[PDB]
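Residue numbers (the authors' numbering), protein chains in the order written: chain 5, 34 to 205; chain 8, 34 to 205; chain 7, 34 to 205; chain 6, 34 to 205; chain 9, 1 to 166. For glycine and all other residues, C-beta sits at the position ideal for the given N, C-alpha and C. Structure first, commentary second.
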Ligand code: CLA
Ligand code: KC2
Ligand code: KC2
Ligand code: KC2
Ligand code: KC2
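So, in structure tokens, the structure goes:
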């Protein structure tokens with residue numbers, strides 16, 4: 034729990050010293066802050082790659098004649114969703130976030146009690162269940178958090194990432 | 034036994050007082066009724082969602098010359114199966130119900146000895162294969178039992194559900 | 034490894050005799066005989082089902098110019114395989130058969146050291162991997178061994194079975 | 034560690050004599066040498082089979098205008114990958130190889146802490162994940178290491194193997 | 001705190017006008033000193049690289065198989081326009097191998113921050129006494145600090161259009 038996320042090459046890495054003080058709480062806070070940023074960023078780059086590869090759904094998203102094909106890839110997408118779609122995102126994802134399914138308290142050592150079936154194994158593998166798999170998911174987030182800072186600041190110049198791979202790949 | 038089923042955010046929820054006996058024996062039977070309406074309504078909503086997606090088989094269903102596309106979506110479908118087809122549901126399901134493979138003897142901890150393959154079984158995770166996964170299937174049933182009472186009443190007042198979704202979705 | 038196969042609603046069912054000898058050494062051999070006829074009949078019936086469904090491969094089988102569609106459905110298929118292909122069935126299967134990866138000779142509880150999704154060795158359910166799933170496959174063989182005695186006599190009329198189903202299904 | 038690999042019908046089989054030193058420290062190194070040549074040859078033969086079945090990707094590979102169909106089957110494929118692609122092989126594989134994830138160096142029983150279907154570390158059977166499934170993969174390499182010595186010599190005089198198989202298969 | 005450290009020397013002495021290491025944190029200081037030596041080692045190669053390219057000295061022959069030669073490639077930021085795209089990826093990547101796999105403390109036996117010998121390459125560091133060992137570290141730091149302002153000039157002045165070179 035403490036010894037987690039500090040595997041090689043960097044080890045424990047508090048460069049500026051913001052967990053230089055003590056408590057479990059602000060290390061508790063910043064961990065599940067980091068994990069939830071991890072979990073969200075990982076599905077957002079996999080959400081990015083499956084959008085930008087041309088994998089869509091046929092049919093209109095509403096009465097508008099807005100298809101899923103008419104919704105373009107990239108950052109015009111989430112904005113050009115119709116509003117009543119986004120308020121039904123905030124209803125469901127909202128209820129799923131706070132309330133249904135995925136408890137969020139203070140970062141409770143988030144266990145969520147599901148995972149699979151034969152997989153969580155304490156009583157079988159005390160270094161596979163935590164300290165490796167629980168370490169990688171942190172880092173796969175640490176890649177993907179650095180993927181979306183990437184994903185925005187690339188697309189801030191005109192070609193996006195399907196468009197950015199037909200023209201220029203070089204920097205400004 | 035007891036110590037299963039509902040859960041957060043309800044726990045033991047018998048608010049009208051139908052089971053407040055203090056007797057397990059009446060609670061045993063109504064549990065396995067709920068398991069069965071659990072299991073049936075679950076395969077009827079996913080049956081409903083796959084029938085409503087236009088997911089059909091090719092070819093005629095008989096020498097009546099009814100294709101699988103001819104049989105309409107919704108409540109009419111099971112009703113206008115040819116009668117000799119409805120006997121053969123009965124002949125097979127009825128054998129499958131009352132004695133073979135599923136035996137419902139008397140409502141008995143229908144355990145049926147179909148326990149996944151590795152997954153979700155004893156001599157592994159304690160929390161999961163019972164007191165959670167045994168609880169979810171029941172609550173999965175609890176969603177789908179309410180899904181059909183909906184679905185029937187959605188079909189009762191309007192046409193079928195795909196014809197409920199191209200026109201009005203608001204109430205009467 | 035003695036209490037194999039039969040079960041409710043039969044139990045030990047040896048209605049004619051030749052097995053109630055009081056010695057299991059003959060019961061020993063016939064049990065593994067039932068397993069192997071089990072294993073062969075089960076993949077022959079599903080082979081019969083997948084051949085009949087129109088599921089074939091593209092292309093010619095050989096320099097003969099016989100496609101995978103050219104070989105008829107039903108009994109005549111194995112007989113009019115070109116002879117050199119039947120030698121290579123004999124070369125590969127017989128090396129796999131009398132010798133190894135399967136090694137059958139001596140004939141009981143070879144076990145083959147091979148499990149399914151390799152689920153169900155041991156240190157799991159000791160009641161599901163032994164006495165039950167061991168019992169189904171043999172009983173699954175019991176259905177499929179009956180399926181072929183049928184199937185050959187169904188084909189014996191003078192068509193194949195898809196040409197038994199488009200015309201008459203009633204008895205002679 | 035010592036009882037591993039070969040098996041019926043050979044057992045320990047060192048016929049010319051290089052390894053019967055009485056000291057396992059050299060037997061140690063050559064074992065993990067055989068594992069890695071095992072692992073590489075097995076993905077190269079199935080790479081060779083999937084490349085030859087006509088299973089390619091759509092689109093050009095690069096600015097060159099080389100499609101995935103343009104790159105010929107067989108030996109010449111890896112040689113005429115454009116140079117900057119061969120570095121990005123050397124980039125990513127060489128990062129993945131020496132240390133980082135697969136960590137090979139030192140060169141014996143690295144173990145890599147990866148399971149198949151998270152199946153089979155331990156705390157199941159102790160007879161198949163050690164001494165059998167660990168034995169097959171090495172032997173699976175023993176087939177595939179011979180498969181490429183073949184494959185190169187099959188390609189050496191003859192064209193690519195799909196053009197070995199439409200003309201003559203017999204020896205020179 | 002760190003007034004007696006390396007790089008504190010005449011005429012300025014200990015010099016931290018921002019008070020960045022005024023808290024006395026060794027680990028913060030060890031980072032900054034490592035960050036200071038690292039830019040310095042780059043800038044010392046960067047100015048000599050800039051001056052020898054501006055003198056016209058090139059590697060012989062072609063940079064790729066398409067016939068693009070080194071002599072066509074100018075000095076400065078305009079070099080990156082004519083270095084081919086496969087070249088610019090490796091120049092970025094191979095230095096990242098030096099960042100990841102080579103130029104760091106791999107073994108943990110470094111006597112200080114920026115000691116990258118790793119028990120592998122040593123040209124006789126222990127043949128200097130402790131005052132010469134301190135002196136050669138003080139030269140490398142201050143040749144480093146000089147070149148950081150030196151290369152920062154030579155990059156700003158290429159963009160200004162006002163040359164500092166004859
Ligand atoms: C920060 C340092 C730096 C950077 C970014 C560059 C960048 C570049 N140089 Mg360059 N160069 C440098 C220093 C540098 N140089 C130095 C110090 C010299 C003097 C020897 C040169 C001499 C030089 C020539 C003669 C040419 C270039 C050219 C080029 C360009 C094409 C790449 C190439 O062929 O490089 C070639 C690089 C070199 C010949 C020398 C680089 C030496 C590096 C700095 C070694 C440092 C790391 C090393 C591995 C440390 C290990 C020690 C440890 C093991 C103990 C590219 C823009 C070419 C061009 O087109 O110019 C416009 C060209 O022809 N360079
Ligand atoms: C978080 C995933 C998600 C869930 C779990 C979920 C559940 C339900 C449920 C029942 C439980 C109903 C009954 C329902 C009904 C409608 N949803 Mg839906 N819904 C999902 C999310 C979105 C988004 C993004 C959009 C959307 C839409 C519609 C429209 C058509 C309106 C119209 O065209 O008139 C209708 C009727 C689109 C929209 O709002 O269009 C303006 C649109 O963008 N939904 N939705
Ligand atoms: C419970 C699922 C189920 C099972 C286990 C099962 C087994 C068999 C077997 C045993 C191996 C045979 C030989 C067989 C043959 C036929 N089935 Mg099938 N069958 C199943 C379900 C249905 C339904 C639901 C229908 C149906 C039909 C037909 C017709 C043509 C009749 C005709 O054209 O007159 C024929 C010949 C349709 C029908 O009866 O039409 C009047 C119709 O709705 N079946 N069926
Ligand atoms: C037991 C499954 C099985 C295995 C393990 C196996 C292995 C190999 C290998 C070794 C890797 C080669 C190189 C090879 C090549 C050919 N096989 Mg194949 N083969 C399998 C089975 C069959 C059947 C069942 C037939 C068949 C044929 C051909 C023909 C064309 C000959 C021709 O056109 O004259 C050629 C060239 C057909 C045939 O012999 O036609 C007369 C035919 O029925 N094979 N086969
Ligand atoms: C080891 C597997 C592998 C990894 C991990 C990886 C990573 C990345 C990343 C990092 C995320 C980017 C951004 C990227 C982009 C490009 N890759 Mg890709 N790449 C992979 C392998 C190959 C091969 C094997 C080739 C190749 C190519 C290209 C070309 C077009 C260049 C051009 O047209 O000039 C572009 C733009 C081809 C090529 O170099 O053409 C000369 C070629 O053969 N790649 N690649």
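Looking only at C-alpha atoms, which of the options sits nearest to residue i?
| i | options | result |
| --- | --- | --- |
| residue 1 (chain 9) | 10 (chain 9), 12 (chain 9) and 16 (chain 9) | 16 (chain 9) |
| residue 198 (chain 6) | 53 (chain 6), 85 (chain 6) and 50 (chain 6) | 85 (chain 6) |
| residue 203 (chain 5) | 74 (chain 9), 141 (chain 9), 156 (chain 9) and 92 (chain 9) | 92 (chain 9) |
| residue 161 (chain 6) | 172 (chain 7), 166 (chain 7) and 148 (chain 7) | 148 (chain 7) |
| residue 151 (chain 9) | 21 (chain 9), 44 (chain 9) and 36 (chain 9) | 44 (chain 9) |
| residue 67 (chain 9) | 74 (chain 9), 84 (chain 9), 53 (chain 9) and 51 (chain 9) | 84 (chain 9) |
| residue 42 (chain 5) | 126 (chain 9), 65 (chain 9), 99 (chain 9) and 158 (chain 9) | 99 (chain 9) |
| residue 173 (chain 8) | 159 (chain 8), 47 (chain 8) and 72 (chain 8) | 72 (chain 8) |
| residue 170 (chain 7) | 67 (chain 7), 57 (chain 7), 49 (chain 7) and 53 (chain 7) | 67 (chain 7) |
| residue 61 (chain 9) | 136 (chain 9), 70 (chain 9), 36 (chain 9) and 26 (chain 9) | 70 (chain 9) |
Going straight from the alpha carbon of residue i to that of residue j, what length do you get?
| i | j | result |
| --- | --- | --- |
| residue 103 (chain 8) | residue 130 (chain 6) | 59 Å |
| residue 99 (chain 6) | residue 93 (chain 6) | 5 Å |
| residue 108 (chain 9) | residue 116 (chain 9) | 10 Å |
| residue 155 (chain 5) | residue 34 (chain 5) | 14 Å |
| residue 189 (chain 5) | residue 91 (chain 7) | 49 Å |
| residue 200 (chain 7) | residue 95 (chain 8) | 13 Å |
| residue 12 (chain 9) | residue 3 (chain 9) | 11 Å |
| residue 105 (chain 6) | residue 89 (chain 6) | 11 Å |
| residue 57 (chain 9) | residue 78 (chain 9) | 16 Å |
| residue 191 (chain 7) | residue 77 (chain 7) | 20 Å |
| residue 122 (chain 7) | residue 179 (chain 7) | 25 Å |
| residue 22 (chain 9) | residue 28 (chain 9) | 10 Å |
| residue 87 (chain 9) | residue 181 (chain 6) | 33 Å |
| residue 101 (chain 7) | residue 195 (chain 6) | 20 Å |
| residue 55 (chain 6) | residue 61 (chain 6) | 12 Å |
| residue 63 (chain 6) | residue 51 (chain 6) | 11 Å |
| residue 20 (chain 9) | residue 59 (chain 5) | 25 Å |
For residue i, which residues in chain 9 fall below 9 Å Cβ to Cβ?
| i | result |
| --- | --- |
| residue 116 (chain 6) | 64, 65 and 86 |
Using a Cβ-Cβ distance cut-off of 8 Å, determine whether residue i contacts chain 8.
| i | result |
| --- | --- |
| residue 137 (chain 5) | no |
| residue 149 (chain 7) | yes |
Is the Cβ of residue i closer than 8 Å to any Cβ of chain 5?
| i | result |
| --- | --- |
| residue 152 (chain 8) | yes |
| residue 31 (chain 9) | yes |
| residue 136 (chain 9) | no |
| residue 38 (chain 9) | no |
Quick one: is residue i near chain 6, going by C-beta distance under 8 Å?
| i | result |
| --- | --- |
| residue 159 (chain 7) | no |
For residue i, return the contacting residues in chain 5, with the cut-off set at a CB-CB distance below 7 Å.
| i | result |
| --- | --- |
| residue 165 (chain 8) | 146 |
For residue i, write down the residues that DSSP places opposite it in a beta bridge.
| i | result |
| --- | --- |
| residue 100 (chain 7) | 93 (chain 7) |
| residue 13 (chain 9) | 9 (chain 9) |
| residue 69 (chain 9) | 62 (chain 9) |
Please list the partners that residue i has in chain 5, where partner means a Cβ-to-Cβ separation under 8 Å.
| i | result |
| --- | --- |
| residue 156 (chain 6) | 154, 156, 157 and 158 |
At the 8 Å Cβ level, is residue i part of the contact set with chain 9, yes or no?
| i | result |
| --- | --- |
| residue 92 (chain 5) | no |
| residue 50 (chain 5) | yes |
| residue 124 (chain 6) | yes |
Using a C-beta to C-beta distance shorter than 7 Å, which residues of chain 6 count as neighbours of residue i?
| i | result |
| --- | --- |
| residue 89 (chain 9) | 117 |
Along chain 9, which residues have their Cβ under 7 Å away from the Cβ of residue i?
| i | result |
| --- | --- |
| residue 192 (chain 5) | Correct list: empty, because the minimum Cβ distance to chain 9 is about 16 Å. |
Name, please, each residue of chain 9 whose Cβ falls closer than 8 Å to the Cβ of residue i.
| i | result |
| --- | --- |
| residue 120 (chain 6) | 86, 89, 90 and 93 |
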